Amino acid sequence: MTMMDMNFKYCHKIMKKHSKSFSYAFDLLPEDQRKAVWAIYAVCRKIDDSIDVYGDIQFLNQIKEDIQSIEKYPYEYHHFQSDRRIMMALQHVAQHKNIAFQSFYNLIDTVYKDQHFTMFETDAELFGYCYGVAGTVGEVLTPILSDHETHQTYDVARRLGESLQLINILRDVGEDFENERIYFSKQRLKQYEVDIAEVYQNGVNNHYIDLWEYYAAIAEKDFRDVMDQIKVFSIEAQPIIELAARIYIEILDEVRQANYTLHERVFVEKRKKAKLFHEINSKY
Ligand SMILES: N#CSCCOc1ccc(Oc2ccccc2)cc1
Ligand SMILES: [Mg+2]
């Protein structure tokens with residue numbers, strides 16, 4: 001194993017530790033493409049977790065500066081200020097693929113904003129957030145997973161990213177609430193007569209289920225529209241991206257099955273993931 005192999009292996013570790021679902025699917029990609037996905041994912045994870053390093057923006061500022069050095073001098077040697085292993089891997093990717101750097105900056109700006117989080121007034125603000133933390137990631141991944149990127153390719157990837165984010169939110173209501181985060185909009189909470197603190201204390205009720213299902217319907221419709229447009233992606237990536245998406249859709253059924261519980265994180269069994277993969281490959 002070379003030094004760069006070690007860098008990418010560390011990126012893989014970070015990705016698998018954070019999301020088994022995502023890892024399961026994307027580990028099926030060809031070698032060059034899988035490694036690029038690991039590096040991009042890891043950078044994004046590092047940005048997402050940055051604030052809790054010392055409890056301020058110091059590390060996040062360093063990450064941003066590392067990315068800016070890569071963008072402006074992709075072929076110069078850099079002494080990276082943040083996580084060297086991850087930044088060397090990203091630089092290696094950048095030398096071979098067109099990285100949407102403004103997408104990383106959008107993600108970083110979103111993370112900056114999150115330290116003075118206030119609840120979203122409307123669903124438009126919530127969807128803006130889903131773009132910020134997840135749509136941006138889809139945009140960065142676009143050139144890795146497609147051969148000739150058009151505005152359509154980016155559009156579809158962006159939509160998938162945002163659907164996944166919404167599904168994460170739908171899975172993590174209780175956990176987010178404990179961490180003083182509520183992502184459902186105030187508009188929608190008021191309309192459905194829902195109070196998350198109340199529900200966390202007293203269990204689900206029909207108002208909450210209706211509110212939850214309202215958003216779940218959005219995720220599922222977005223999912224189907226992405227499925228209809230799967231051919232913008234390279235032939236190798238299509239089954240993989242379809243797998244990722246299906247595994248996440250199944251997360252919604254896992255929640256319904258646990259009766260929308262706010263007190264544990266539901267999940268799709270590894271064996272169930274293998275089943276979805278079989279069902280999908282059968283038609284590939
Ligand atoms: N965990 C979690 S929530 C994920 C948030 O960041 C993303 C977003 C999308 C994604 O897969 C995509 C593949 C192609 C295009 C767009 C997305 C992987 C990670
Ligand atoms: Mg969440």
# chains A, B, ... in the order shown; residues from 1 in each chain; ligands from 1

call {"tool": "residues_around", "arguments": {"residues": "residue 231 in chain A", "least_positions_apart": "5", "cutoff": "10 Å", "atoms": "only C-alpha atoms", "output": "list in words"}}
result
residues 146, 153, 226, 237 and 238 of chain A

call {"tool": "write_last_selection", "arguments": {"atoms": "N, CA and C atoms", "output": "PDB file, in the first residue's frame"}}
result
ATOM      1  N   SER A 146     -20.798  10.524 -13.371  1.00  0.00           N
ATOM      2  CA  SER A 146     -21.298  10.692 -14.728  1.00  0.00           C
ATOM      3  C   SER A 146     -20.158  10.902 -15.712  1.00  0.00           C
ATOM      4  N   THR A 153     -27.664  16.406 -15.116  1.00  0.00           N
ATOM      5  CA  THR A 153     -26.931  15.513 -14.232  1.00  0.00           C
ATOM      6  C   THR A 153     -26.830  16.133 -12.840  1.00  0.00           C
ATOM      7  N   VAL A 226     -36.133  11.059  -9.358  1.00  0.00           N
ATOM      8  CA  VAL A 226     -34.735  10.718  -9.576  1.00  0.00           C
ATOM      9  C   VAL A 226     -34.606   9.373 -10.303  1.00  0.00           C
ATOM     10  N   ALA A 237     -22.606   3.416 -12.469  1.00  0.00           N
ATOM     11  CA  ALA A 237     -23.100   4.060 -11.259  1.00  0.00           C
ATOM     12  C   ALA A 237     -24.594   3.863 -11.084  1.00  0.00           C
ATOM     13  N   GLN A 238     -25.299   3.636 -12.188  1.00  0.00           N
ATOM     14  CA  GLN A 238     -26.752   3.559 -12.128  1.00  0.00           C
ATOM     15  C   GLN A 238     -27.286   2.537 -11.124  1.00  0.00           C
TER      16      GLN A 238
END

call {"tool": "closest_atom_pairs", "arguments": {"of": "chain A", "to": "ligand 2", "cutoff": "9 Å", "atoms": "only C-alpha atoms and all ligand atoms", "output": "Markdown table"}}
result
| residue | atom | partner | partner_atom_place_in_ligand_line | distance |
| --- | --- | --- | --- | --- |
| A:165 | CA | ligand 2 | 1 (Mg) | 7.1 |
| A:166 | CA | ligand 2 | 1 (Mg) | 7.7 |
| A:167 | CA | ligand 2 | 1 (Mg) | 8.2 |
| A:168 | CA | ligand 2 | 1 (Mg) | 5.1 |
| A:169 | CA | ligand 2 | 1 (Mg) | 3.9 |
| A:170 | CA | ligand 2 | 1 (Mg) | 7.4 |
| A:171 | CA | ligand 2 | 1 (Mg) | 7.4 |
| A:172 | CA | ligand 2 | 1 (Mg) | 5.3 |
| A:173 | CA | ligand 2 | 1 (Mg) | 7.0 |
| A:175 | CA | ligand 2 | 1 (Mg) | 8.1 |
| A:176 | CA | ligand 2 | 1 (Mg) | 6.1 |
| A:181 | CA | ligand 2 | 1 (Mg) | 8.3 |
| A:182 | CA | ligand 2 | 1 (Mg) | 8.5 |
| A:183 | CA | ligand 2 | 1 (Mg) | 7.4 |

call {"tool": "write_last_selection", "arguments": {"atoms": "N, CA and C atoms", "output": "PDB file, in the first residue's frame"}}
result
ATOM      1  N   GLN A 165     -31.218  13.770   2.596  1.00  0.00           N
ATOM      2  CA  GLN A 165     -31.198  14.622   3.778  1.00  0.00           C
ATOM      3  C   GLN A 165     -32.552  14.634   4.481  1.00  0.00           C
ATOM      4  N   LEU A 166     -33.622  14.762   3.704  1.00  0.00           N
ATOM      5  CA  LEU A 166     -34.967  14.785   4.267  1.00  0.00           C
ATOM      6  C   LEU A 166     -35.278  13.460   4.957  1.00  0.00           C
ATOM      7  N   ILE A 167     -34.842  12.364   4.345  1.00  0.00           N
ATOM      8  CA  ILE A 167     -34.991  11.068   4.969  1.00  0.00           C
ATOM      9  C   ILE A 167     -34.188  10.949   6.273  1.00  0.00           C
ATOM     10  N   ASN A 168     -32.973  11.483   6.297  1.00  0.00           N
ATOM     11  CA  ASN A 168     -32.192  11.516   7.525  1.00  0.00           C
ATOM     12  C   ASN A 168     -32.959  12.236   8.630  1.00  0.00           C
ATOM     13  N   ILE A 169     -33.585  13.351   8.269  1.00  0.00           N
ATOM     14  CA  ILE A 169     -34.319  14.176   9.210  1.00  0.00           C
ATOM     15  C   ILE A 169     -35.506  13.393   9.756  1.00  0.00           C
ATOM     16  N   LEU A 170     -36.180  12.683   8.855  1.00  0.00           N
ATOM     17  CA  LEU A 170     -37.370  11.914   9.197  1.00  0.00           C
ATOM     18  C   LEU A 170     -36.986  10.745  10.106  1.00  0.00           C
ATOM     19  N   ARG A 171     -35.769  10.238   9.943  1.00  0.00           N
ATOM     20  CA  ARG A 171     -35.262   9.171  10.813  1.00  0.00           C
ATOM     21  C   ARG A 171     -34.829   9.683  12.192  1.00  0.00           C
ATOM     22  N   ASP A 172     -34.326  10.911  12.253  1.00  0.00           N
ATOM     23  CA  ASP A 172     -33.629  11.368  13.452  1.00  0.00           C
ATOM     24  C   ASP A 172     -34.372  12.420  14.282  1.00  0.00           C
ATOM     25  N   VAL A 173     -35.689  12.502  14.135  1.00  0.00           N
ATOM     26  CA  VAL A 173     -36.453  13.474  14.896  1.00  0.00           C
ATOM     27  C   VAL A 173     -36.075  13.521  16.383  1.00  0.00           C
ATOM     28  N   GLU A 175     -33.464  12.087  18.185  1.00  0.00           N
ATOM     29  CA  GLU A 175     -32.065  12.415  18.382  1.00  0.00           C
ATOM     30  C   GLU A 175     -31.786  13.896  18.131  1.00  0.00           C
ATOM     31  N   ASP A 176     -32.303  14.436  17.028  1.00  0.00           N
ATOM     32  CA  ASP A 176     -32.123  15.869  16.767  1.00  0.00           C
ATOM     33  C   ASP A 176     -32.767  16.695  17.883  1.00  0.00           C
ATOM     34  N   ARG A 181     -32.394  20.396  18.198  1.00  0.00           N
ATOM     35  CA  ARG A 181     -32.615  20.706  16.797  1.00  0.00           C
ATOM     36  C   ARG A 181     -33.975  20.181  16.341  1.00  0.00           C
ATOM     37  N   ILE A 182     -34.763  21.065  15.745  1.00  0.00           N
ATOM     38  CA  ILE A 182     -35.991  20.670  15.071  1.00  0.00           C
ATOM     39  C   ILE A 182     -35.966  21.192  13.636  1.00  0.00           C
ATOM     40  N   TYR A 183     -36.113  20.296  12.672  1.00  0.00           N
ATOM     41  CA  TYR A 183     -35.964  20.672  11.274  1.00  0.00           C
ATOM     42  C   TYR A 183     -37.278  20.839  10.527  1.00  0.00           C
TER      43      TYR A 183
END

call {"tool": "closest_atom_pairs", "arguments": {"of": "range 134-204 of chain A", "to": "range 125-128 of chain A", "cutoff": "12 Å", "atoms": "only C-alpha atoms", "output": "CSV"}}
result
residue,atom,partner,partner_atom,distance
A:134,CA,A:128,CA,10.0
A:135,CA,A:128,CA,9.1
A:136,CA,A:128,CA,10.7
A:158,CA,A:127,CA,11.5
A:159,CA,A:127,CA,10.4
A:161,CA,A:127,CA,11.2
A:162,CA,A:127,CA,7.6
A:163,CA,A:127,CA,9.5
A:164,CA,A:127,CA,11.8
A:165,CA,A:127,CA,9.4
A:166,CA,A:127,CA,8.5
A:169,CA,A:126,CA,10.5
A:182,CA,A:126,CA,10.2
A:183,CA,A:126,CA,6.7
A:184,CA,A:126,CA,7.2
A:185,CA,A:126,CA,6.5
A:186,CA,A:126,CA,9.9
A:187,CA,A:125,CA,10.5
A:188,CA,A:126,CA,10.7

call {"tool": "write_last_selection", "arguments": {"atoms": "N, CA and C atoms", "output": "PDB file, in the first residue's frame"}}
result
ATOM      1  N   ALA A 134     -26.580  18.884   1.734  1.00  0.00           N
ATOM      2  CA  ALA A 134     -26.690  17.607   1.046  1.00  0.00           C
ATOM      3  C   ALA A 134     -26.767  17.793  -0.467  1.00  0.00           C
ATOM      4  N   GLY A 135     -27.544  18.769  -0.925  1.00  0.00           N
ATOM      5  CA  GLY A 135     -27.603  19.045  -2.353  1.00  0.00           C
ATOM      6  C   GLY A 135     -26.210  19.382  -2.870  1.00  0.00           C
ATOM      7  N   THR A 136     -25.476  20.168  -2.089  1.00  0.00           N
ATOM      8  CA  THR A 136     -24.103  20.539  -2.427  1.00  0.00           C
ATOM      9  C   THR A 136     -23.230  19.302  -2.601  1.00  0.00           C
ATOM     10  N   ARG A 158     -28.383  16.677  -7.241  1.00  0.00           N
ATOM     11  CA  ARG A 158     -28.776  17.633  -6.230  1.00  0.00           C
ATOM     12  C   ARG A 158     -30.091  17.185  -5.574  1.00  0.00           C
ATOM     13  N   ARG A 159     -31.060  16.794  -6.394  1.00  0.00           N
ATOM     14  CA  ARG A 159     -32.346  16.341  -5.881  1.00  0.00           C
ATOM     15  C   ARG A 159     -32.218  15.091  -5.020  1.00  0.00           C
ATOM     16  N   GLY A 161     -29.576  14.183  -3.332  1.00  0.00           N
ATOM     17  CA  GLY A 161     -28.897  14.562  -2.107  1.00  0.00           C
ATOM     18  C   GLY A 161     -29.891  15.125  -1.120  1.00  0.00           C
ATOM     19  N   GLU A 162     -30.761  15.979  -1.629  1.00  0.00           N
ATOM     20  CA  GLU A 162     -31.730  16.634  -0.779  1.00  0.00           C
ATOM     21  C   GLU A 162     -32.806  15.696  -0.245  1.00  0.00           C
ATOM     22  N   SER A 163     -33.125  14.661  -1.021  1.00  0.00           N
ATOM     23  CA  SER A 163     -34.095  13.643  -0.600  1.00  0.00           C
ATOM     24  C   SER A 163     -33.522  12.792   0.512  1.00  0.00           C
ATOM     25  N   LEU A 164     -32.250  12.459   0.372  1.00  0.00           N
ATOM     26  CA  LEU A 164     -31.552  11.699   1.388  1.00  0.00           C
ATOM     27  C   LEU A 164     -31.518  12.480   2.684  1.00  0.00           C
ATOM     28  N   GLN A 165     -31.218  13.770   2.596  1.00  0.00           N
ATOM     29  CA  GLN A 165     -31.198  14.622   3.778  1.00  0.00           C
ATOM     30  C   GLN A 165     -32.552  14.634   4.481  1.00  0.00           C
ATOM     31  N   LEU A 166     -33.622  14.762   3.704  1.00  0.00           N
ATOM     32  CA  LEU A 166     -34.967  14.785   4.267  1.00  0.00           C
ATOM     33  C   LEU A 166     -35.278  13.460   4.957  1.00  0.00           C
ATOM     34  N   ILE A 169     -33.585  13.351   8.269  1.00  0.00           N
ATOM     35  CA  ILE A 169     -34.319  14.176   9.210  1.00  0.00           C
ATOM     36  C   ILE A 169     -35.506  13.393   9.756  1.00  0.00           C
ATOM     37  N   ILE A 182     -34.763  21.065  15.745  1.00  0.00           N
ATOM     38  CA  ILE A 182     -35.991  20.670  15.071  1.00  0.00           C
ATOM     39  C   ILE A 182     -35.966  21.192  13.636  1.00  0.00           C
ATOM     40  N   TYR A 183     -36.113  20.296  12.672  1.00  0.00           N
ATOM     41  CA  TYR A 183     -35.964  20.672  11.274  1.00  0.00           C
ATOM     42  C   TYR A 183     -37.278  20.839  10.527  1.00  0.00           C
ATOM     43  N   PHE A 184     -38.370  20.309  11.073  1.00  0.00           N
ATOM     44  CA  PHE A 184     -39.700  20.600  10.515  1.00  0.00           C
ATOM     45  C   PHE A 184     -39.942  22.091  10.599  1.00  0.00           C
ATOM     46  N   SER A 185     -40.530  22.693   9.564  1.00  0.00           N
ATOM     47  CA  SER A 185     -40.792  24.136   9.577  1.00  0.00           C
ATOM     48  C   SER A 185     -41.869  24.548  10.589  1.00  0.00           C
ATOM     49  N   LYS A 186     -41.787  25.789  11.058  1.00  0.00           N
ATOM     50  CA  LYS A 186     -42.784  26.332  11.986  1.00  0.00           C
ATOM     51  C   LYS A 186     -44.159  26.438  11.317  1.00  0.00           C
ATOM     52  N   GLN A 187     -44.158  26.782  10.034  1.00  0.00           N
ATOM     53  CA  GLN A 187     -45.391  26.802   9.273  1.00  0.00           C
ATOM     54  C   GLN A 187     -46.066  25.445   9.389  1.00  0.00           C
ATOM     55  N   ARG A 188     -45.347  24.397   9.019  1.00  0.00           N
ATOM     56  CA  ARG A 188     -45.949  23.074   8.955  1.00  0.00           C
ATOM     57  C   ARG A 188     -46.312  22.520  10.349  1.00  0.00           C
TER      58      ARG A 188
END

call {"tool": "atom_distance", "arguments": {"atom1": "CA of residue 82 in chain A", "atom2": "CA of residue 8 in chain A"}}
result
16.0 Å

call {"tool": "residues_around", "arguments": {"residues": "range 33-35 of chain A", "least_positions_apart": "3", "cutoff": "10 Å", "atoms": "only C-alpha atoms", "output": "short mmCIF file (atom, residue, chain, number, x, y, z; two decimals) with N, CA, C and O atoms, in the first residue's frame"}}
result
data_model
loop_
_atom_site.label_atom_id
_atom_site.label_comp_id
_atom_site.auth_asym_id
_atom_site.auth_seq_id
_atom_site.Cartn_x
_atom_site.Cartn_y
_atom_site.Cartn_z
N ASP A 5 -2.78 5.47 -0.98
CA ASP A 5 -3.70 4.40 -0.63
C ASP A 5 -4.14 4.55 0.83
O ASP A 5 -5.31 4.35 1.14
N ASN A 7 -4.20 7.29 2.61
CA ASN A 7 -5.07 8.45 2.71
C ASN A 7 -6.51 8.06 2.35
O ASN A 7 -7.46 8.37 3.08
N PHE A 8 -6.67 7.37 1.22
CA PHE A 8 -7.99 6.97 0.78
C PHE A 8 -8.60 5.96 1.74
O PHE A 8 -9.79 6.00 2.01
N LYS A 9 -7.79 5.05 2.29
CA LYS A 9 -8.33 4.08 3.25
C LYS A 9 -8.89 4.77 4.50
O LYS A 9 -9.91 4.34 5.05
N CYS A 11 -10.18 7.89 4.46
CA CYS A 11 -11.46 8.41 3.98
C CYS A 11 -12.57 7.36 4.00
O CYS A 11 -13.70 7.63 4.40
N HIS A 12 -12.25 6.14 3.55
CA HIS A 12 -13.22 5.05 3.57
C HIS A 12 -13.71 4.76 4.99
O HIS A 12 -14.92 4.61 5.24
N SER A 23 -22.08 3.60 2.51
CA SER A 23 -20.89 2.79 2.25
C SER A 23 -21.23 1.51 1.49
O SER A 23 -20.56 1.17 0.52
N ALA A 25 -23.56 0.65 -0.58
CA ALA A 25 -23.78 0.87 -2.00
C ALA A 25 -22.53 1.35 -2.73
O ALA A 25 -22.09 0.73 -3.70
N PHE A 26 -21.95 2.45 -2.27
CA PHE A 26 -20.88 3.11 -3.00
C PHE A 26 -19.57 2.37 -2.98
O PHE A 26 -18.72 2.60 -3.84
N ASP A 27 -19.41 1.45 -2.03
CA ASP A 27 -18.27 0.55 -2.09
C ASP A 27 -18.33 -0.41 -3.29
O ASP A 27 -17.34 -1.06 -3.62
N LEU A 28 -19.48 -0.48 -3.97
CA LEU A 28 -19.62 -1.36 -5.14
C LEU A 28 -19.10 -0.73 -6.43
O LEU A 28 -18.97 -1.40 -7.45
N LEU A 29 -18.79 0.56 -6.37
CA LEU A 29 -18.26 1.26 -7.54
C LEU A 29 -16.89 0.71 -7.93
O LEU A 29 -16.20 0.12 -7.10
N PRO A 30 -16.50 0.90 -9.20
CA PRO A 30 -15.14 0.60 -9.64
C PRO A 30 -14.14 1.36 -8.77
O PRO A 30 -14.51 2.36 -8.16
N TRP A 38 -15.17 8.33 -1.53
CA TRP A 38 -14.69 8.32 -0.14
C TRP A 38 -14.10 9.67 0.26
O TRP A 38 -14.38 10.18 1.33
N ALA A 39 -13.25 10.22 -0.61
CA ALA A 39 -12.52 11.46 -0.30
C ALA A 39 -13.49 12.64 -0.15
O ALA A 39 -13.42 13.41 0.80
N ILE A 40 -14.40 12.77 -1.11
CA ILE A 40 -15.42 13.81 -1.08
C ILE A 40 -16.31 13.67 0.15
O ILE A 40 -16.53 14.64 0.89
N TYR A 41 -16.79 12.46 0.39
CA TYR A 41 -17.61 12.19 1.57
C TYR A 41 -16.89 12.58 2.85
O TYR A 41 -17.45 13.24 3.72
N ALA A 89 -6.00 13.39 -0.29
CA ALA A 89 -6.90 12.57 -1.10
C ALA A 89 -7.78 13.44 -1.99
O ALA A 89 -7.95 13.15 -3.17
N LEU A 90 -8.34 14.51 -1.44
CA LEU A 90 -9.15 15.42 -2.23
C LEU A 90 -8.32 16.10 -3.33
O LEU A 90 -8.77 16.24 -4.47
N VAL A 93 -7.93 13.72 -6.15
CA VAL A 93 -9.17 13.70 -6.92
C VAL A 93 -9.27 14.91 -7.84
O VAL A 93 -9.55 14.77 -9.04
N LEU A 141 -20.23 15.37 -6.19
CA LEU A 141 -20.13 13.99 -6.69
C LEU A 141 -20.49 13.83 -8.16
O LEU A 141 -20.19 12.81 -8.77
N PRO A 143 -19.48 14.87 -11.22
CA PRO A 143 -18.50 14.46 -12.23
C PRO A 143 -17.89 13.09 -11.96
O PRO A 143 -17.42 12.46 -12.90
N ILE A 144 -17.90 12.63 -10.72
CA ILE A 144 -17.42 11.29 -10.41
C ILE A 144 -18.37 10.21 -10.96
O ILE A 144 -17.94 9.18 -11.46
N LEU A 145 -19.67 10.46 -10.84
CA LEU A 145 -20.68 9.45 -11.17
C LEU A 145 -21.30 9.59 -12.57
O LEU A 145 -22.23 8.86 -12.91
N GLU A 236 -22.09 2.28 -14.97
CA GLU A 236 -21.59 1.62 -13.77
C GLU A 236 -22.24 2.14 -12.48
O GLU A 236 -22.41 1.39 -11.51
N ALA A 237 -22.61 3.42 -12.47
CA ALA A 237 -23.10 4.06 -11.26
C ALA A 237 -24.59 3.86 -11.08
O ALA A 237 -25.11 3.93 -9.96
#

call {"tool": "residues_around", "arguments": {"residues": "residue 262 in chain A", "least_positions_apart": "6", "cutoff": "12 Å", "atoms": "only C-alpha atoms", "output": "ChimeraX atom specification"}}
result
/A:169-178,196-205,208-209,212,255-256

call {"tool": "write_last_selection", "arguments": {"atoms": "C-alpha atoms", "output": "PDB file, in the first residue's frame"}}
result
ATOM      1  CA  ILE A 169     -34.319  14.176   9.210  1.00  0.00           C
ATOM      2  CA  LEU A 170     -37.370  11.914   9.197  1.00  0.00           C
ATOM      3  CA  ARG A 171     -35.262   9.171  10.813  1.00  0.00           C
ATOM      4  CA  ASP A 172     -33.629  11.368  13.452  1.00  0.00           C
ATOM      5  CA  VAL A 173     -36.453  13.474  14.896  1.00  0.00           C
ATOM      6  CA  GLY A 174     -35.851  12.311  18.484  1.00  0.00           C
ATOM      7  CA  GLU A 175     -32.065  12.415  18.382  1.00  0.00           C
ATOM      8  CA  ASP A 176     -32.123  15.869  16.767  1.00  0.00           C
ATOM      9  CA  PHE A 177     -34.610  17.034  19.404  1.00  0.00           C
ATOM     10  CA  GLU A 178     -32.286  15.941  22.248  1.00  0.00           C
ATOM     11  CA  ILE A 196     -42.030  18.076  19.136  1.00  0.00           C
ATOM     12  CA  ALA A 197     -41.261  18.527  22.836  1.00  0.00           C
ATOM     13  CA  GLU A 198     -44.803  17.383  23.612  1.00  0.00           C
ATOM     14  CA  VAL A 199     -44.449  14.364  21.305  1.00  0.00           C
ATOM     15  CA  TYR A 200     -41.019  13.504  22.705  1.00  0.00           C
ATOM     16  CA  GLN A 201     -42.596  13.324  26.175  1.00  0.00           C
ATOM     17  CA  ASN A 202     -45.920  11.662  25.401  1.00  0.00           C
ATOM     18  CA  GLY A 203     -45.400   9.539  22.290  1.00  0.00           C
ATOM     19  CA  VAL A 204     -46.773   9.836  18.782  1.00  0.00           C
ATOM     20  CA  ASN A 205     -50.317  10.894  17.997  1.00  0.00           C
ATOM     21  CA  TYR A 208     -47.569  13.979  14.339  1.00  0.00           C
ATOM     22  CA  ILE A 209     -48.007  11.001  12.020  1.00  0.00           C
ATOM     23  CA  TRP A 212     -44.328  13.125   9.382  1.00  0.00           C
ATOM     24  CA  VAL A 255     -39.617   4.179  10.909  1.00  0.00           C
ATOM     25  CA  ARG A 256     -43.265   3.330  10.240  1.00  0.00           C
TER      26      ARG A 256
END

call {"tool": "atom_distance", "arguments": {"atom1": "CA of residue 110 in chain A", "atom2": "CA of residue 132 in chain A"}}
result
5.7 Å

call {"tool": "closest_residue", "arguments": {"among": "A:49, A:242, A:83, A:228", "to": "ligand 1", "atoms": "only C-alpha atoms and all ligand atoms"}}
result
A:242

call {"tool": "closest_residue", "arguments": {"among": "A:109, A:65, A:139, A:193", "to": "ligand 1", "atoms": "only C-alpha atoms and all ligand atoms"}}
result
A:139

call {"tool": "select_by_dssp", "arguments": {"residues": "range 150-282 of chain A", "states": "alpha helix (DSSP H)", "output": "number ranges by chain"}}
result
A: 151-171, 173-178, 186-191, 196-202, 206-228, 237-257, 270-281

call {"tool": "closest_residue", "arguments": {"among": "A:10, A:111, A:240, A:257", "to": "residue 284 in chain A", "atoms": "only C-alpha atoms"}}
result
A:240

call {"tool": "closest_residue", "arguments": {"among": "A:266, A:70, A:241, A:6", "to": "ligand 1", "atoms": "only C-alpha atoms and all ligand atoms"}}
result
A:241

call {"tool": "residues_around", "arguments": {"residues": "residue 206 in chain A", "least_positions_apart": "4", "cutoff": "10 Å", "atoms": "only C-alpha atoms", "output": "list in words"}}
result
residues 192, 194, 210, 211 and 212 of chain A

call {"tool": "closest_residue", "arguments": {"among": "A:99, A:274, A:119, A:218", "to": "residue 189 in chain A", "atoms": "only C-alpha atoms"}}
result
A:119

call {"tool": "atom_distance", "arguments": {"atom1": "atom 17 (C, counted along the ligand's line) of ligand 1", "atom2": "CA of residue 17 in chain A"}}
result
18.1 Å

call {"tool": "closest_residue", "arguments": {"among": "A:254, A:149, A:56, A:155", "to": "ligand 1", "atoms": "only C-alpha atoms and all ligand atoms"}}
result
A:155

call {"tool": "residues_around", "arguments": {"residues": "residue 47 in chain A", "least_positions_apart": "3", "cutoff": "7 Å", "atoms": "only C-alpha atoms", "output": "PyMOL selection string"}}
result
chain A and resi 43-44+50+60+108
